[PDB]
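Side-chain atoms are counted along with the backbone in the values below, which use heavy atoms only and exclude waters and symmetry mates. Letters go in sequence order (proteins before strands), and every chain restarts at 1.
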Amino acid sequence: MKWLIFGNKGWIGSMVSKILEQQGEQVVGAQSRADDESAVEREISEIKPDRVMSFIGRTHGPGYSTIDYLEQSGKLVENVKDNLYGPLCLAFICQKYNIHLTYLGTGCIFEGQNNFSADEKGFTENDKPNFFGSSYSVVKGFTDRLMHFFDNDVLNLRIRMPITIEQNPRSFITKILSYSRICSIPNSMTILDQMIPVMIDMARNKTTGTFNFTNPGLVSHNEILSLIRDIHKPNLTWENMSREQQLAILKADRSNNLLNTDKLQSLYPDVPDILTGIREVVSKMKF
Amino acid sequence: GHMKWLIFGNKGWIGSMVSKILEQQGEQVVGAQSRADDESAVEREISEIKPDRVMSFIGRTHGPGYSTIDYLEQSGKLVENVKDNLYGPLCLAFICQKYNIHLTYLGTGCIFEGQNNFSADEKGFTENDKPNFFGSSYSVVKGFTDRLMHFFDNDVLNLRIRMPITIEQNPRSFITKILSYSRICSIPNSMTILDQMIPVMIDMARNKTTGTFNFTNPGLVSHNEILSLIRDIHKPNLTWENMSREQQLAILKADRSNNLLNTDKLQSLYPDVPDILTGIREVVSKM
Ligand SMILES: C[C@@H]1O[C@H](OP(=O)(O)OP(=O)(O)OC[C@H]2O[C@@H](n3ccc(=O)[nH]c3=O)[C@H](O)[C@@H]2O)[C@H](O)[C@H](O)[C@H]1O
Ligand SMILES: C[C@@H]1O[C@H](OP(=O)(O)OP(=O)(O)OC[C@H]2O[C@@H](n3ccc(=O)[nH]c3=O)[C@H](O)[C@@H]2O)[C@H](O)[C@H](O)[C@H]1O
């Protein structure tokens with residue numbers, strides 16, 4: 001089939017593009033900006049893709065390798081443009097043309113259920129955002145809600161803290177290896193090497209709706225650094241800091257949660273729990 | 001004949017003014033119980049009430065400690081900004097469209113800068129023009145809401161008002177406000193006299209007119225010209241101090257939109273709408 005990819009030069013979009021091409025699919029990198037709704041509709045009307053995917057957003061930039069970038073005066077316009085408006089333009093136009101859209105969103109719109117409390121099973125697909133501590137998370141929360149108005153037309157995948165075996169400035173493990181102090185908190189995370197094939201399968205199948213799109217279960221920064229130490233780097237040591245210490249040195253807070261992945265597990269029962277998956281990733285990693 | 005109207009923002013300055021007028025015209029007005037951002041509660045209320053027409057007079061434009069849009073520039077208020085100035089209005093657009101019920105959305109023309117210099121080649125920002133003013137968090141979000149309303153061009157009436165004026169003094173009224181300000185940044189602007197423009201808005205909603213409309217009285221008026229007309233007609237001892245654009249920017253949390261709106265589209269439908277200077281004369285004579 002023919003796959004039109006927005007964000008195909010980005011970290012994730014490049015990775016997905018490569019896998020679609022190894023699978024024998026035709027990939028078209030979108031030339032239109034997602035927020036240029038008239039150019040998007042011209043491109044979609046002309047290319048006539050079988051599938052559209054969105055790997056776009058504004059999550060770092062000059063001076064800031066993190067979502068702290070969006071807290072600067074003058075960046076709200078880039079935040080809403082790339083992290084809400086562009087994705088909504090793709091939803092409206094893909095829906096009009098009856099072309100399945102995969103939107104790669106975020107689960108960094110919730111806070112909590114990550115304390116191993118016996119009565120808490122994690123945030124669901126239907127749950128409203130309850131984390132408002134970064135401008136990124138605020139805007140993405142509304143994008144996530146708005147995507148529920150396209151439940152039969154758009155696949156809304158909530159990834160978090162994405163990890164690759166290959167080291168990359170964007171990869172959660174690369175980042176935490178680089179940080180002087182670690183705020184260790186159990187969290188739902190996405191191993192892209194494991195879950196990109198699932199995402200492609202879902203888009204091939206025209207599956208629609210919202211899915212929490214993390215590996216089952218919780219892992220902490222300390223558990224990940226402990227595996228790197230215990231598998232490869234016996235000398236490895238790090239300093240811990242609290243949520244409050246971290247808040248003081250960043251421009252924004254950070255989302256910490258468990259996502260309930262029962263919905264994804266109903267379709268894809270072989271996705272590894274996050275600790276089995278991280279053990280696998282760390283075992284294969286170069287430094 | 002007389003109809004049933006569901007009003008979001010029925011207790012607000014503009015909403016309560018429109019409610020009273022629809023009631024004076026012998027309509028049935030229901031004040032909405034649901035928050036516009038509570039999409040499930042909105043869908044319940046619309047499906048229950050089965051209104052002939054829905055109207056939105058909602059937004060977040062002031063709050064504790066800040067009688068202006070400067071309120072939205074505080075850390076932690078982006079969530080209120082997007083919730084009330086974008087997401088709630090989009091919830092109303094999606095749901096009213098689903099139920100094929102006409103929606104009037106009271107938007108803003110404070111999404112553009114320029115064309116107010118009396119240059120003969122500049123006839124003002126049109127309905128199709130994209131936002132070009134990004135100097136307040138209010139204007140940035142409202143600009144995206146305006147663009148999003150264009151995806152509902154057959155189902156929603158999107159009216160861009162600016163600097164609303166009432167005969168009746170009120171803290172929200174542009175004339176009350178500039179009378180209250182020690183220093184005036186005098187700039188020619190498109191402005192909306194609500195006493196003259198609300199009856200046009202109600203007619204449009206009765207006719208189920210949809211699309212975007214610039215919704216200011218035709219032409220420009222400056223702060224200095226309004227205050228001069230108040231002095232000469234009502235208050236001969238009135239005096240004020242003038243200040244620059246950059247001097248204003250030094251005292252406020254954000255910049256302000258200054259523009260001309262092209263009102264040819266409205267004037268084509270309603271040739272009798274008073275030009276701003278004729279209308280300001282009517283207003284000041286009634287004060
Ligand atoms: C596109 C979005 O990117 C996001 O990354 P974010 O910009 O929050 O990454 P970091 O600030 O590096 O934060 C990554 C992690 O590092 C922790 N940390 C940070 C700095 C420090 O000095 N020490 C620490 O321990 C921080 O608490 C967080 O757990 C998320 O992936 C989100 O899932 C995804 O949708
Ligand atoms: C809901 C939105 O409200 C808005 O009002 P805004 O909050 O910008 O009002 P003010 O800050 O009082 O500003 C009102 C006017 O006062 C001027 N001024 C301000 C302070 C000062 O000390 N001296 C001055 O001369 C300012 O430049 C502006 O022209 C707009 O109506 C917009 O059309 C509407 O959609």
Keeping [X] on the side-chain end and [Y] on the backbone end, is there a donor-acceptor pair under 3.5 Å?
X: B:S67; Y: B:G63; result: no
X: B:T145; Y: B:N85; result: yes
X: B:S173; Y: B:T166; result: yes
X: B:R53; Y: B:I7; result: no
X: A:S135; Y: A:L70; result: no
X: B:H62; Y: B:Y71; result: no
X: B:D129; Y: B:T126; result: yes
X: B:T176; Y: B:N170; result: yes
X: A:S117; Y: A:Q113; result: no

* Go through the steps to decide whether A:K121 and A:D262 satisfy the test salt bridge (charged side-chain N to carboxylate O under 4.0 Å, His left out), and finish with yes or no. => CA-CA 9 Å; A:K121 292 341 181 111; A:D262 294 351; over 6 Å; no
* For A:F142, is the NZ or CZ atom of B:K83 found under 6.0 angstrom from the centre of its six-membered ring and inside 45 degrees of the ring axis? -> no
* Asked: After noting the C-alpha distance and the side-chain angles of A:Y136 and A:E71, does the key distance pass the side-chain hydrogen bond (donor to acceptor under 3.5 Å, both in side chains) rule?
  -> CA-CA 8 Å; A:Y136 174 78; A:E71 304 300 347; over 6 Å; no
Spacing of [atom1] belonging to [X] relative to [atom2] belonging to [Y], to within rounding of 0.5 Å:
X: B:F57; Y: B:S19; atom1: CZ; atom2: OG; answer: 7.0 Å
X: A:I67; Y: A:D253; atom1: CD1; atom2: CG; answer: 9.0 Å
X: B:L194; Y: B:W13; atom1: CG; atom2: CH2; answer: 5.0 Å
X: B:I49; Y: B:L6; atom1: CD1; atom2: CG; answer: 6.5 Å
X: B:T192; Y: B:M163; atom1: OG1; atom2: CE; answer: 10.0 Å
X: B:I161; Y: B:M197; atom1: CD1; atom2: CE; answer: 9.0 Å

* Mind running side-chain contact (heavy atoms from CB on, under 4.5 Å) on B:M17 and B:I198 for me, showing each step along the way? => CA-CA 9 Å; B:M17 185 178 177; B:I198 285 169; 3.7 Å; yes
No-hydrogen, no-angle side-chain donor-acceptor test under 3.5 Å, [X] and [Y]:
X: B:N81; Y: B:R60; answer: no
X: B:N258; Y: B:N189; answer: yes
X: A:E125; Y: A:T210; answer: no
X: B:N214; Y: B:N262; answer: no
X: A:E41; Y: A:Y97; answer: yes
X: B:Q196; Y: B:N217; answer: yes
X: B:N158; Y: B:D146; answer: yes

Under a 4.0 Å N-O cut-off, is there an ion pair linking [X] with [Y]?
X: B:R44; Y: B:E39; answer: no
X: A:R243; Y: A:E111; answer: yes
X: B:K286; Y: B:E168; answer: no

Could you check whether atom [atom1] of [X] has more than 12 heavy atoms from other residues, nucleotides or ligands sitting under 6.0 Å from it?
X: B:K177; atom1: NZ; answer: yes
X: B:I251; atom1: CD1; answer: no
X: B:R35; atom1: CZ; answer: no
X: B:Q33; atom1: CD; answer: no

Looking only at heavy atoms, which two atoms of [X] and [Y] are closest? And how far apart?
X: A:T214; Y: A:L264; result: O-CD2, 4.4 Å
X: B:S190; Y: B:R162; result: O-NH1, 2.7 Å
X: A:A203; Y: A:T102; result: CB-OG1, 3.3 Å
X: B:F151; Y: A:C89; result: CZ-SG, 3.8 Å
X: B:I46; Y: B:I101; result: CG2-CD1, 3.7 Å
X: A:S137; Y: A:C108; result: OG-O, 2.6 Å

* Mind running salt bridge (charged side-chain N to carboxylate O under 4.0 Å, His left out) on B:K20 and B:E23 for me, showing each step along the way? => CA-CA 5 Å; B:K20 269 270 165 162; B:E23 281 188 328; 5.9 Å; no
If you define the side chain from C-beta out and look only at heavy atoms, does anything of [X] sit under 4.5 Å from [Y]?
X: A:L157; Y: A:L155; answer: yes
X: A:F131; Y: A:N257; answer: no
X: B:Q97; Y: B:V156; answer: no
X: B:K50; Y: B:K4; answer: no
X: A:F211; Y: A:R158; answer: no
X: B:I58; Y: B:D84; answer: no
X: B:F215; Y: B:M204; answer: yes
X: B:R147; Y: B:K130; answer: yes

* side-chain contact (heavy atoms from CB on, under 4.5 Å) between A:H100 and A:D153: does it pass, once the steps are laid out? -> CA-CA 6 Å; A:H100 179 280; A:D153 288 293; over 6 Å; no
* Stepwise side-chain contact (heavy atoms from CB on, under 4.5 Å) test for B:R206 and B:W5 -> CA-CA 10 Å; B:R206 291 180 186 279; B:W5 300 72; 3.9 Å; yes
* Asked: Does B:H223 have its ring centroid less than 6.0 Å away from the ring centroid of B:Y181?
  -> no
* Check against side-chain contact (heavy atoms from CB on, under 4.5 Å), A:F123 and A:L258 -> CA-CA 6 Å; A:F123 292 94; A:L258 170 66; 5.9 Å; no
* Asked: B:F94 vs A:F150 aromatic rings, parallel, tilted or perpendicular, using cut-offs 30° and 60°?
  -> perpendicular
* Asked: Would B:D70 and B:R256 satisfy salt bridge (charged side-chain N to carboxylate O under 4.0 Å, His left out), going step by step from the backbone distance to the final call?
  -> CA-CA 10 Å; B:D70 283 2; B:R256 304 285 197 272; 2.9 Å; yes
